[PDB]
Amino acid sequence: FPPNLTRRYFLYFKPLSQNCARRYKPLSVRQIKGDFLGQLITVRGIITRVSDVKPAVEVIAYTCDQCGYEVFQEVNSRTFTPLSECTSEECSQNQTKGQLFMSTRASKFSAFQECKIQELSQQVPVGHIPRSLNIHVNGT
Amino acid sequence: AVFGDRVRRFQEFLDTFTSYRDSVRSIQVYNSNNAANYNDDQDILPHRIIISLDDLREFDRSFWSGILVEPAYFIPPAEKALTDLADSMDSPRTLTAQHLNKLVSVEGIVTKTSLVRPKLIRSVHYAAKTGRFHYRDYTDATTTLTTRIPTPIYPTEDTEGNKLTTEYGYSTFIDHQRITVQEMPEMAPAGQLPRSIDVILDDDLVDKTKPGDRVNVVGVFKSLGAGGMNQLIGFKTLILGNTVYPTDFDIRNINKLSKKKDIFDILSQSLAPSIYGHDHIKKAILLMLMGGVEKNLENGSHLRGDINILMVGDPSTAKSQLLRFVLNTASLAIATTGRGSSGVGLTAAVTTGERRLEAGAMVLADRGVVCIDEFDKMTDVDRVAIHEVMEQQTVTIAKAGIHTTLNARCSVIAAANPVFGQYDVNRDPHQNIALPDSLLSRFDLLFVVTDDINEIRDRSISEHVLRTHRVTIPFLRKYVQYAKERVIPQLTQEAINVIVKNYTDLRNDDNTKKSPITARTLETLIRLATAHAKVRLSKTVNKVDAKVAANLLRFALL
DNA sequence: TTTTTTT
Ligand SMILES: Nc1ncnc2c1ncn2[C@@H]1O[C@H](COP(=O)(O)OP(=O)(O)OP(O)(O)=S)[C@@H](O)[C@H]1O
């Protein structure tokens, strides 16, 4: 079993305060250039049209049902593809392969929800229309 | 071999003239000092260069002709020579078929600005076992300017079986945007709907044109796509390689001219290049262009500072001929005549599956002038929204897509006729217009213009219009935007004693002749002394400005 | 999600 398959926990990063930065960030949506991908940011705004929380599939278990093994499919993308009838170590090199199917109790989920953030309408230019932006929320 | 020869030749030419070199020197020194101040107390400029068409003409007409004829061979190597130097240092109407595949200068109007999406160019990928990074790029027809083989799928497991973990931060991105520019409408042929094309911008120029401005555009006419030879009229077009195009003695003249005491009158008579009389009317247009002061209250709401005037009068007193003077003299105005349905007070959001917005007439004229013609002839539908626009300075649009709330603090001028005929003083002072009652208190000045028949006046109208058929304006708008940034005023004690007695006059005797008397009128009493102080560029508020405003109230109503 | 009707 991979250790990613057995986690039960999560890890959260932690931002630095501006006081120690003063000793040793106020951004706008317009200031969010589409070139800062992968960086660390800090925004502010208005929560608008909050969606609802629905479960997110993480890993897929696959019961052998013939040889009695368990095949595992980890999915980090939005979609994926179905796999074969069995991927056991014993179903292979044999005439009669198994037949798998997924399972619910052996799969792992995660909290997933998103919403939209509207501009402050005080930092908006005099002749523009305010934009909005999607922010994903996960876990705790 | 050809590319390096063009590179070294233009590099030699760029090394020939050091005038641009010290410019890049100032670029690098400024960005260095900007990062220096940003990294010392707390504990922007791009790389594109304006090259005049000056020296390229005095060096090689072969190379000159090559730039304006085949730019797809000389702009990339010239930029290559520039980047090498940077590293060493440290009309639409006649536009088709011919005036094609060159660099074209286009003029027109900024309209219907599209949405901002970023685009990926350089990928960074980390392999686990080798412990190394990688490299992979992708190009499209917007970026290359040359017909190269397109290399589109996001890579993983290339050579040995090493996991190509992609990385970020270091992977580069560039924004992307397309806009449409139709030519200027007055330039059009005998009578037609103007026709248009579009031009695509790049990274440092995203969101520089809003729908509704005046813009000169310099770029390169690029045609992409398989023109129907894919699988019936193709070869759709666009424009790339773009730039954006919207004194001390003069400002000393401004400071020197402003040292007078009667320029308000001089400018008052200046703004009547073809209209006889109506002296105080011109004075009121000066005060509208001044715009007044804005004083947002402590933890309350803002208070509107501009002034709005609608007219009524006999149908021959330049009612519609005063309007275009205000159109050309002010800045960023849009004239509305007759109907205004579905788009004056709203945006309507009719636009991938999404909801976008197009700024309406009241919103686009923010910090500007709204010219409204035939206010009574406006249908009764939008009349409800006009109260909201004119009083709360906001527009709330709540359609099925998304309810929103925004800001527009526009100045508005309207011009209406009496209800029937010329009976403007005959019947009763009230309801010669048949407008809602709240609009009376909403508007600031209400002019009643007669067509009084006399003879001195008759002869003067005759010689004015007759010699018409057989100090200046550009000095004025410069005087306006210069008077905007340092002449902002503040109220004094002397401003109170006059307008208090004046408001007492408004309630004790003004009601005996006409109506209404609101506190908004007292706000205009403050605003007029404010605008008079902006025109004289004073900092305080004087008693004399209020003395002027008393005559402005008498001339506007009594 | 907006343009020509009529009780
Ligand atoms: N004092 C004046 N000086 C010069 N031209 C004037 C003057 N008064 C009127 N005009 C004439 O104003 C005419 C146009 O008048 P308009 O105001 O457009 O008539 P109108 O019917 O009120 O317009 P609308 O928009 O239909 S109400 C032009 O021919 C000008 O010569």
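Deposited coordinates in this entry are attributed by the record to cryo-EM, at a stated resolution of 4.98 Å.

A few words now on the overall build of chain A. Within chain A, the secondary structure is distributed over 1 helix and 5 strands. Rg of the C-alpha trace for chain A: 23 Å, well past the compact-globule value of 14 Å for 140 residues, more than 25% over.

All names here are of chain B. In spatial order, the strands read β12-β13-β16-β11-β17; together these 5 strands make up an open sheet with parallel pairing. Sheet topology places β12 (333-337) and β17 (445-449) at the edges, where each strand pairs with a single neighbour. This sheet shows a mean twist of 15 degrees between the axes of neighbouring strands, independent of strand direction. Summarising the sheet, strand β11 (residues 309-313) and β17 pair through 5 bridges and their orientation is parallel. In the strand pairing of β17, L310 is matched with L446.

Counting residues at the interface gives 20 residues for chain B, matched by 17 residues for chain A. Broken down by element, the side of chain B that touches chain A gets its largest block of residues, 3 residues, from strand β7 (residues 173-182) of chain B. When grouped by side-chain class, the residues that make up the side of chain B that touches chain A number 8 nonpolar, 6 polar and 6 charged.

Here the focus is the site of the ligand. Residue and element names in this part refer to chain B. Taken together, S274, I275, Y276, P315, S316, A318, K319, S320 and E374 make up the full set of residues near the ligand. Taking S320, its side chain carries an N or O atom lying 2.3 Å from an oxygen atom of the ligand. Contact with the protein chains removes 56% of the 650 Å² of surface that the ligand exposes when unbound.

It is worth spelling out the environment of B:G291 at this point. Residue and element names in this part refer to chain B. Position of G291 relative to the elements: it lies in the loop between α7 (279-290) and β11. C-alpha of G291 to C-alpha of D306: the two residues are 15 residues apart in sequence and 4.7 Å apart in space. Ignoring anything within four residues of it in the chain, the contact list for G291 reads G305, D306 and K534.

On to the environment of B:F10, then. Residues and elements named next belong to chain B. In this fold, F10 is placed in helix α1 (residues 2-16). We classify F10 as buried; its relative accessible area is 6%. In this view, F10 contacts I51, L56, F63, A78 and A81; residues no more than four positions away in its chain are not counted.

Residue and element names in this part refer to chain B. In the vicinity of DNA strand C, the residues found are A348, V350, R355, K399 and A400. In the interface set of DNA strand C, defined as its atoms within 4 Å of the protein, sugar plus phosphate atoms amount to 100%. Here a phosphate oxygen of DNA strand C and a backbone polar atom of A348 are 3.5 Å apart. At 2.6 Å from a phosphate oxygen of DNA strand C is found a side-chain nitrogen or oxygen belonging to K399. Grouping the amino acids of the surface near DNA strand C by side-chain chemistry returns 3 nonpolar, no polar and 2 charged.

Further remarks concern the pattern of salt bridges. All chains considered together, the criterion is met by 17 salt bridges over all chains. For B:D203, the salt bridge is made with A:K33, and the minimal N-O distance between the two is 2.5 Å. One end of the pair, B:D203, is in the loop between β8 (196-201) and β9 (213-223); the other, A:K33, is in the loop between α1 (18-23) and β1 (46-48), on a second chain. With relative accessibility at 27%, the residue A:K33 sits in the partly exposed group. Among the charged side chains, a salt-bridge network with shared partners connects A:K33, A:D35, B:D175 and B:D203.

Okay, the pairing of β7(B) next. Remember that side chains alternate between the two faces of the sheet whenever the strand is regular. Residues and elements named next belong to chain B. Only one face of β7 is covered, namely the one carrying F173, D175, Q177, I179 and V181; the face carrying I174, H176, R178, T180 and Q182 has none of its residues buried. Pairing of strand β1 (residues 103-111) with β7, which is carried by 3 bridges, proceeds in the antiparallel orientation. Its bridge partner being in β7, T111 is matched across the sheet by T180. The pairing of strand β2 (residues 117-120) with β7 spans 4 bridges and is classified as antiparallel.

All names here are of chain B. Domain annotation for chain B reports domain 1 (1-90), domain 2 (91-118 + 175-246) and domain 3 (119-174). Around 550 Å² of area is buried between domain 1 and domain 2 when both sides are counted, 57% of it from carbon and sulfur atoms. When the buried surface of domain 1 facing domain 2 is broken down by residue, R48, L68 and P71 rank first, second and third, together holding 65% of it. Summed over the shared surface of domain 1 and domain 2, the number is 1 salt bridge.

The next thing to look at is the nonpolar core. Residues and elements named next belong to chain B. Ranked by internal contacts, the top residues of the largest apolar core, which has 20 residues, are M311, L322, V326, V369, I413, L445 and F447. Those elements that place two or more of their residues in this core are α7, β11, α8 (323-329), β13 (369-373), β16 (411-415) and β17. Considering every element that reaches this core, the biggest residue donor is α7, with 4 residues. Once residues within four sequence positions are removed from consideration, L445 is found in contact with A284, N308, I309, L310 and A556. The next biggest cluster of nonpolar side chains, apart from the first, holds 15 residues, and it includes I254, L476, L528 and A549.

Here we come to unusual backbone geometry. Residues and elements named next belong to chain B. Here the bond from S515 into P516 is cis, since omega is 0 degrees, no more than 30 degrees from zero. For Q393, which is not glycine, the phi dihedral falls at a positive 60 degrees. Summarising the element assignment, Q393 is placed in the loop between α10 (383-392) and β14 (394-395). We note that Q431 has phi near 55 degrees; this positive angle belongs to a residue other than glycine. Tracing the chain through its elements places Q431 in the loop between β16 and α11 (437-442). Take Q431: its relative accessible area is 47%, and that puts it in the partly exposed class.

Residues and elements named next belong to chain B. For the structure on display, the rule yields 11 aromatic pairs over all chains. Ring geometry for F10 versus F63: centroids 5.6 Å apart, planes at 25 degrees, classification stacked. Each member of the pair, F10 as well as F63, carries the same accessibility label: buried. Measuring from ring centre to ring centre gives 6.4 Å for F447 and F555, while their planes differ by 85 degrees; the resulting arrangement is edge-to-face. Overall, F447 belongs to the buried group, its relative accessible area being 9%. For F555, a relative accessible area of 37% corresponds to the partly exposed category. Among the aromatic residues, those joined into a cluster by ring pairs are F10, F13, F17, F59, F63 and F74. Here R383 stacks its cationic end above the ring of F375, 5.6 Å away from the centre of that ring.

Reading the values: the criteria
Each chain has its residues counted from 1 in the order its sequence is written, and this count may differ from the entry's own numbering; any residue lacking coordinates is left out. Labels are handed out in written order, letters beginning with A for the chains and numbers beginning with 1 for the ligands. Shown here is not the whole assembly but part of a larger one, and the values apply to the part shown. Only hydrogens and water are removed before side-chain values are computed, so all heavy atoms of the structure are retained for them. Residues with missing side-chain atoms are left out of burial classes, side-chain pairs and their counts. Counting from the N terminus, the helices are the DSSP runs of H or I reaching at least four residues and the strands are the DSSP runs of E reaching at least two. Only the C-alpha atoms count toward the radius of gyration. The rule for a globule is 2.2 Å times the residue count to the power 0.38. Strands qualify as paired when DSSP identifies two bridges or more between them. Interaxial angles span 0 to 180 degrees and are taken between N-to-C directions of axes, which are lines fitted to C-alpha atoms, for helices over the stretch in contact. Note on contacts: a residue pair qualifies if any of its non-hydrogen atoms lie within 4.5 Å across the two residues. We call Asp, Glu, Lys and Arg charged. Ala, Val, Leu, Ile, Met, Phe, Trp, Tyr, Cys and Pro are nonpolar, and the rest, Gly among them, are polar. What makes a residue near a molecule or strand is one non-hydrogen atom of that residue sitting within 4 Å of it. Nitrogen and oxygen atoms within 3.5 Å of one another constitute a polar contact, given that in protein one can donate a hydrogen and the other can accept it, and given that sequence-neighbouring residues count only through two side-chain atoms. Surface exposure here means Shrake-Rupley accessible area, sampled with a 1.4 Å probe, where a residue is shielded only by the protein chains that are shown. Burial here depends on accessible area, computed with a 1.4 Å probe over protein chains only, as a share of the maximum for the residue type. Under 20% is buried, over 50% is exposed, and the range in between is partly exposed. Any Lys or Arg side-chain nitrogen found within 4 Å of a carboxyl oxygen on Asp or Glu counts as a salt bridge. Domain limits in this description derive from either an automatic procedure or a database domain assignment. Throughout, buried area stands for the accessible area (probe radius 1.4 Å) lost by two parts on being put together, summed over both. Only buried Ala, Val, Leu, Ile, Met, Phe, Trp, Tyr and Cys residues count toward a nonpolar core, and they belong to the same one when joined by side-chain atoms within 4.5 Å. A pair of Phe, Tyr and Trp rings is counted when the ring centres sit within 6.5 Å of each other, with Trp represented by its six-membered ring. The angle between the planes then sorts it: under 30 degrees is stacked, over 60 is edge-to-face, the rest tilted. Charge-over-ring contacts are defined here by two conditions on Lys NZ or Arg CZ: a distance within 6 Å of the ring centre and an angle within 35 degrees of the ring normal.

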